[PDB]
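Since every read-out is calculated from the coordinates, none of them should be taken as a lab result. Here the Cβ is made from the backbone with ideal geometry for all residues, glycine too, and neighbour counts use every protein chain on show.
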Amino acid sequence: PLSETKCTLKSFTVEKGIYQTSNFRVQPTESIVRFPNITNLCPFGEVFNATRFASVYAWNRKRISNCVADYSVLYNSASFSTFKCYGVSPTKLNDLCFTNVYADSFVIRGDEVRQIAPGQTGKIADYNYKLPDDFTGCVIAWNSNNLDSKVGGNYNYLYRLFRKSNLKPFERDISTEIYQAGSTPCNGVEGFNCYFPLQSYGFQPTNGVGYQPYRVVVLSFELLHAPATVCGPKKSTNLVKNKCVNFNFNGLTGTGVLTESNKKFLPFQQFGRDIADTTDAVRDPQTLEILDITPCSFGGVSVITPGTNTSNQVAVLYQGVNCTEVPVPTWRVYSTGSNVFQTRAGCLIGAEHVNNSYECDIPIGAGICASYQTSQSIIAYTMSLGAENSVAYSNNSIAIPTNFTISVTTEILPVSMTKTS
Amino acid sequence: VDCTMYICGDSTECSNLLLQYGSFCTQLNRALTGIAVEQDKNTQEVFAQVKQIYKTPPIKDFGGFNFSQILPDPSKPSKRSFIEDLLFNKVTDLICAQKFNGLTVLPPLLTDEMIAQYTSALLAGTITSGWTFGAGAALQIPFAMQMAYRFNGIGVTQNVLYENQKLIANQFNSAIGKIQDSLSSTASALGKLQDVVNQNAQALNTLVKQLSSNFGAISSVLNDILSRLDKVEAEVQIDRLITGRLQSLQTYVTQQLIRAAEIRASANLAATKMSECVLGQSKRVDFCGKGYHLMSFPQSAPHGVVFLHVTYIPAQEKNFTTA
Amino acid sequence: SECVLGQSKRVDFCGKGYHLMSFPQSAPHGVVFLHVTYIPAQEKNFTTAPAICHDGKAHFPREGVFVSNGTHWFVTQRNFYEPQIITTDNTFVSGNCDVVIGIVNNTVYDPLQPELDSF
Amino acid sequence: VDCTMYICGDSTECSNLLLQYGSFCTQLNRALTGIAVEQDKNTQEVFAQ
Ligand SMILES: *[C@@H]1O[C@H](CO[C@@H]2O[C@@H](C)[C@@H](O)[C@@H](O)[C@@H]2O)[C@@H](O[C@@H]2O[C@H](CO)[C@@H](O)[C@H](O)[C@H]2NC(C)=O)[C@H](O)[C@H]1NC(C)=O
Ligand SMILES: *[C@@H]1O[C@H](CO)[C@@H](O[C@@H]2O[C@H](CO)[C@@H](O)[C@H](O)[C@H]2NC(C)=O)[C@H](O)[C@H]1NC(C)=O
Ligand SMILES: *[C@@H]1O[C@H](CO)[C@@H](O[C@@H]2O[C@H](CO)[C@@H](O)[C@H](O)[C@H]2NC(C)=O)[C@H](O)[C@H]1NC(C)=O
Ligand SMILES: *[C@@H]1O[C@H](CO)[C@@H](O[C@@H]2O[C@H](CO)[C@@H](O)[C@H](O)[C@H]2NC(C)=O)[C@H](O)[C@H]1NC(C)=O
Ligand SMILES: *[C@@H]1O[C@H](CO)[C@@H](O[C@@H]2O[C@H](CO)[C@@H](O)[C@H](O)[C@H]2NC(C)=O)[C@H](O)[C@H]1NC(C)=O
Ligand SMILES: *[C@@H]1O[C@H](CO)[C@@H](O[C@@H]2O[C@H](CO)[C@@H](O)[C@H](O)[C@H]2NC(C)=O)[C@H](O)[C@H]1NC(C)=O
Ligand SMILES: *[C@@H]1O[C@H](CO)[C@@H](O)[C@H](O)[C@H]1NC(C)=O
Ligand SMILES: *[C@@H]1O[C@H](CO)[C@@H](O)[C@H](O)[C@H]1NC(C)=O
Ligand SMILES: *[C@@H]1O[C@H](CO)[C@@H](O)[C@H](O)[C@H]1NC(C)=O
Ligand SMILES: *[C@@H]1O[C@H](CO)[C@@H](O)[C@H](O)[C@H]1NC(C)=O
Ligand SMILES: *[C@@H]1O[C@H](CO)[C@@H](O)[C@H](O)[C@H]1NC(C)=O
């Protein structure tokens, strides 16, 4: 601890005092994982390997829920030309849980795949499939010129070429009413400035890559306070209590001393929150019991030292900490019980508690002070406020000075500081 | 405040980014430490003015003046006076939420028992020795005789005290009773101390609530960003939280430094009132209450001092022709 | 202004004890005041009374305080034991002896009487 | 100073972004209000003696 003071003071010599070096922390003993006990594998196969996809103007959506996923199978498939995730990392995606997942699928030109991203614009993004600005899913696309094109041209897939206004995020429009491009009404028939709003793609197998068909699948994941109906393949560990441990409840990851909670959670509630919005309590996804999440204890480590010009002995104060918590900072050789004293300021270690009282040499707090005294050791004591004195008052007695002393005393006051620019 | 725990919590990933900002966390901890050390200095300079812990005699024959409401009550472990208990009960907020987020409250050096023992010694020296314990050794003098000296100090002949001693004693006892009754009844009297407690509680609640702000990041929960994004993308989101959280600490520490100056000025004033109103008799108009100052008695209060100023107010004036 | 250019009655403003005078000394970015003060010492106990009852008159000190060495009564200044005989010149009369709590009986010398007696 | 009008003026688009900074605008308004109230206290204690 003395070397830590020297280090934090950036000095090889330390004057008498109490120096707040570093913070103590109880580190986690082990890591807990608690995902839902769901065995049902998620049906991703039937959205990626479907024989025929939907037209992008009428993009299909399939809800994925109450199942266990394995996104590593998808990402490691290497069959996809584009695999872009927004707000979620592709590799970490398998180590997380989601409340619901929606798989959207459609076919578009290779040149249009760039429009399937948040904040995009263009015929597809504006009139066929719009992603929100704060999208949290993944966009996956691959060339399908082996399935969706034929000699003479495949016209199975349509897209909306004209619309009155841009689509809202995840909006779908299946209307076939003829678009009026001019002031003259169309009366339900095509003509000048009157065009059918859907146009068919011309997919020939010999067309350039920018004109070839591409199958697109968009996986939208939603994170909410609601229970996690979809989660990755991680196996849940056993549950331990009253010990500092890392935890991972339905993806909620943190560290604390999990304890049985008296909090009367209503049947719909899943989490409890702190003023800082950190999770304060949680419902176990398997046993449905409520657990408190108080953090593993921390406190300032103050090193009490006479000047190094006097001695290299030091005492250590773990501020606010109870002496039962200090383990036997990086160093731990101090914590043995030979000199340990629970002050109201915290656990004091390496100082000798004495019943005598003296002027406050080094202030510790709550009336406790420390000093280096005799065989020398660092003692800790309740400070003396002054010498006790009974004035000898009486209703008819007076004390009058028969002499005097002329005293000269020195008062020092700062007047200025160095002028800096 | 552990600047690293407030900004980054448990995350080492965030802690490594916080190092890129350098000395800012050391500056914040150093500033808050200077403030904390000054609070002990402020208390010491106000209360530790008495050099010896004077005790009152067992026979309280003070000439009819009754100090029982202000002298220590031996029946209590706190050893506070009756009025000191009223003050403490009248003055004395998300403390557990604050604690869990890297914030901590350090105990003062002098306990309330020690501060009550200083006000006890200051009060005992005053009634048993007048102003003599302020200038040097405590010289006993009968209380009625030192009160006669107080009358001379305001330009009233000492015979006015001795001829009206029973009336003056009764007026004093009644006036002390009015203090006891007033502090027992109204809630607004100790507003100056409550305002300091409220301002500092509000500042901490504001600092904790800023942890819920996004500052443009995808989430305010720093553990979620690390659990949901890879390093190259996570560090961009974490740097937004670091920037806004660091700005929150700088705003908090700056306002605490300014509040510390206000408390410092008030503590300097209180130390001056202790020396000039309690350890002496002040000729300075309105410095020790309205009217001509006779004497003052200090009483301890939570994070403050209460001075009971005894003054002479002339009454029932008559007109006279003069030359 | 108050400790160097004058004498301050303000307690503890210019050092401990009763302020006599102060001397300024310059220091780097600061000032050092040498405060000269009077500190009373070697106090002795004395019996005291608020007034002296003489010939039915209540006598009070003009300046000072009445003190007794155990057998005799004197008047002395409050901050330095310099006892003097209690006389009609260093005391003033106000009322009779019935109102003052703790008044003590003693003679009060009159310096005019021995002159007329001797003349 | 209306912290929201100084920073964003009439814009609601900017006002929604300013909410991401949280309490900072309330802190600024609160500090300036404390100063303003103290100016009345300063005048009262000098003249209303
Ligand atoms: C002043 O005297 C008191 C004791 O009073 C004694 O009786 C009086 C009638 C008179 O004759 C005094 O001169 C006598 O001395 C002293 O108080 C005692 O001091 C001792 C320590 O020396 C202490 O142990 C006792 O408890 C004190 N007694 C009480 C009742 O408090 C006092 O010290 C004398 N002061 C000076 C300056 O001499
Ligand atoms: C320090 O921690 C220990 C627990 O490790 C506390 O001891 C407990 O105290 C309560 C009373 O408050 C008793 O009911 C328990 O039986 C005690 N437990 C043990 C194992 O002794 C101790 O009180 C704490 N002290 C402080 C100052 O916090
Ligand atoms: C008043 O106190 C002073 C000391 O402050 C006394 O002076 C000393 O007296 C002794 C003899 O008793 C001498 O040996 C010292 O040399 C003197 N010191 C100085 C600085 O002169 C003085 O005698 C005391 N006077 C009375 C009347 O008690
Ligand atoms: C000094 O004042 C106290 C009040 O602080 C007096 O105590 C009261 O005495 C009456 C009886 O005379 C009781 O009915 C009250 O309950 C007492 N109050 C308290 C708070 O104790 C006390 O009598 C006074 N003593 C002298 C000698 O005047
Ligand atoms: C109290 O003071 C008186 C002075 O007025 C002392 O009386 C004198 O004592 C001396 C001897 O020391 C005699 O020579 C004088 O004649 C006395 N004067 C009178 C007027 O009687 C007296 O001794 C002092 N007593 C004490 C106890 O100090
Ligand atoms: C002071 O002296 C007077 C006499 O000069 C004392 O007064 C007498 O007191 C007794 C009772 O003790 C009465 O019976 C007499 O009638 C009083 N005489 C007069 C003229 O009033 C007085 O008691 C003395 N006081 C003290 C404190 O000794
Ligand atoms: C599609 O089918 C192939 C086998 O023909 C399989 O390897 C692949 O994993 C399937 N796709 C998905 C998303 O499961
Ligand atoms: C998960 O397992 C627990 C036993 O550990 C069981 O009580 C619970 O019913 C299971 N979950 C569901 C949804 O049934
Ligand atoms: C350190 O000790 C030396 C004597 O070896 C002394 O000269 C010096 O003043 C001391 N300094 C402090 C700060 O104690
Ligand atoms: C200090 O006092 C306690 C009693 O409060 C006693 O048990 C202990 O032995 C004492 N220690 C010393 C060193 O006197
Ligand atoms: C002082 O107390 C005594 C009792 O010890 C009493 O007889 C006397 O009258 C009192 N004197 C004064 C001035 O109060």
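Given the Cα-Cα distance of B:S174 and B:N198 and 0.36 nm per residue of separation, how much length would full extension add, in nm?
Extra length available between B:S174 and B:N198 comes to 5.3 nm.
Going by a ≥ b ≥ c, the root eigenvalues of the Cα gyration tensor, does region B:215-323 fall in the rounded group (a/c under 1.5), the prolate group (a/b larger than b/c) or the oblate group?
In terms of gyration-tensor shape, prolate.
Using each residue's phi in region A:134-147, evaluate 6.51 cos²θ - 1.76 cosθ + 1.60 at θ = phi - 60° and report the 3J(HN,Hα) Karplus result to the nearest Hz, with x for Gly and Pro.
9, 3, 10, x, 10, 10, 10, 8, 8, 5, 10, 4, 7, 10
Under the rule of at least 5 residues apart or a separate chain, name every residue whose amide H is placed under 5 Å from the amide H of B:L139.
Distant-sequence amide H within range of B:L139: B:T132, B:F133.
Whole Å is fine, so just give me how far the alpha carbon centre of region A:35-106 lies from that of region B:114-186.
86
From the residues A:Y372, A:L223, A:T278, which one has its Cα farthest along the dipole of region A:222-375 in the positive direction, the dipole being from +1 and -1 charges on Cβ of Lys/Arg and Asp/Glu about the Cα centre?
A:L223
Measure out, as a whole number of angstrom, how far apart the alpha-carbon centroids of region A:345-421 and region A:203-232 sit.
76
Which of C:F92, B:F67 has the fewest other C-beta atoms within 10 Å, and how do the rest follow up to the most?
Ascending number of Cβ neighbours within 10 Å: C:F92, B:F67.
Using θ = phi - 60° and the Karplus form 6.51 cos²θ - 1.76 cosθ + 1.60, what ³J(HN,Hα) does each residue of region C:43-59 get, whole Hz, x for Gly and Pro?
Listing the rounded values in order: 6, 10, 7, 9, 6, 9, 9, x, 8, 9, 8, 9, 6, x, 8, 9, 9 Hz.
Would you kindly calculate the translational diffusion coefficient of chain D, applying Stokes-Einstein with the Kirkwood radius from alpha carbon pairs, for 25 °C and a viscosity of 0.890 mPa s, and quote it in µm² s⁻¹ without decimals?
It diffuses with D of about 195 µm²/s by this estimate.
So the label point goes 7 Å from the Cα of A:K235 along Cα→C-beta, right? Which residues of region A:17-38 then have their backbone N under 18 Å from it?
Correct set: A:31-38.
Quick one: dipole size for chain B, taken about the Cα centre, charges +1 on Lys/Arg Cβ and -1 on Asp/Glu Cβ, in debye to the nearest 20. The partial results should precede the final answer.
Numbers: 26 positive and 25 negative charges, 207 e Å.
For chain B, the charge dipole is close to 1000 debye.
Using a 7 Å offset from the Cα along the Cα-to-Cβ direction at both D:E13 and C:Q77, what is the distance between the two label points in nm, to one decimal?
8.7
Hey, can you grab everything whose amide H is under 5 Å from the amide H of B:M295? Only 5+ residues off in sequence or another chain; H modelled, so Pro and N-termini drop out.
B:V310
Hey, rough spin-label estimate for B:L269 and A:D284, points 7 angstrom out along Cα→Cβ, what's it come to in nanometres?
Distance between the two pseudo-spin positions: 5.9 nm.
With a/c under 1.5 counting as rounded, go ahead and sort region A:256-311 into rounded, prolate or oblate using the C-alpha gyration tensor (a ≥ b ≥ c being the square roots of the eigenvalues; past the cut-off, prolate if a/b is larger than b/c, else oblate).
On the way: a/c = 5.75, a/b = 3.76, b/c = 1.53.
Prolate, since a/c reaches 1.5 and a/b exceeds b/c.
For an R0 of 56 angstrom, estimate the FRET efficiency from the Cβ-Cβ distance between B:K41 and A:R172 and round to the nearest 0.05. All intermediate terms of the calculation are to be shown ahead of the outcome.
Numbers: r = 71 Å, r/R0 = 1.27.
The calculated FRET efficiency here is 0.20.
With the convex hull built on the Cα atoms of the protein assembly as shown, state its orientation-averaged projected area in nm². Kindly include the intermediate steps, with their values, before the conclusion.
Details: hull surface 244.0 nm².
Average of the hull's projected areas for the protein assembly as shown equals 61.0 nm².
FRET efficiency for B:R30 and C:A27, Cβ-Cβ distance as r, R0 = 30 Å, nearest 0.05?
According to the calculation, E is roughly 0.70.
Report the chymotrypsin sites (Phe, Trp or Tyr not before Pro) located in region A:157-260 that are in a DSSP loop and have at most 10 other Cβ atoms inside 10 Å of their Cβ, or state none.
Values: sites: A:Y157, A:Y159, A:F162, A:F170, A:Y179, A:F192, A:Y195, A:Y201, A:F203, A:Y211, A:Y214, A:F221, A:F247, A:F249; in loops: A:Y157, A:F162, A:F170, A:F192, A:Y201.
Of the chymotrypsin sites (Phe, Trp or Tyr not before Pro), the ones in loops of region A:157-260 whose Cβ has at most 10 other Cβ atoms within 10 Å are A:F192.
Quick one: if the Förster radius is 35 Å, what FRET efficiency do B:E317 and C:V4 give, using the C-beta to C-beta distance and rounding to 0.05?
After rounding to 0.05, the efficiency reads 0.30.
Suppose every K and R has +1 on its Cβ and every D and E has -1 on its Cβ; what is the size of the dipole of region A:304-421 about the Cα centre, in Debye to the nearest 20?
Numbers: 3 positive and 6 negative charges, 56 e Å.
My answer is approximately 260 debye.
How many angstrom lie between the Cα centre of region C:45-113 and the Cα centre of region B:233-296?
51
Modelling each spin label as a point 7 Å along the Cα-to-Cβ direction, I'd like the B:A187/A:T402 distance in nm, to one decimal.
Spacing of the two 7 Å Cα→Cβ label points: 6.2 nm.
Would you please give the residues with an amide H less than 5 Å from that of A:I400, counting only those at least 5 places away or on a separate chain, with H modeled from the backbone geometry?
C:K44, C:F46
For the protein assembly as shown, what is the calculated [θ] at 222 nm in deg cm²/dmol (nearest 500), taking -39500 (n - 2.57) for each run of four or more DSSP H residues and dividing by its residue count?
The helix-only estimate for the protein assembly as shown comes to -8500 deg cm²/dmol at 222 nm.
Identify, among A:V303, A:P363, C:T37, the residue whose Cα sits farthest towards the positive end of the charge dipole of the protein assembly as shown, taking +1 on the Cβ of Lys and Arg and -1 on the Cβ of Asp and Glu, with the dipole about the Cα centre.
The residue sitting most towards the positive pole is A:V303.
Restricting attention to region A:15-109, which GluC sites (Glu not before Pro) occupy a DSSP loop and are surrounded by at most 11 other Cβ atoms within 10 Å?
The qualifying sites: there are none.
If the only charges are +1 at each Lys and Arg Cβ and -1 at each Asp and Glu Cβ, what is the size of the charge dipole of the protein assembly as shown around the Cα centre, to the nearest 20 debye?
So the dipole magnitude of the protein assembly as shown works out to roughly 1840 debye.
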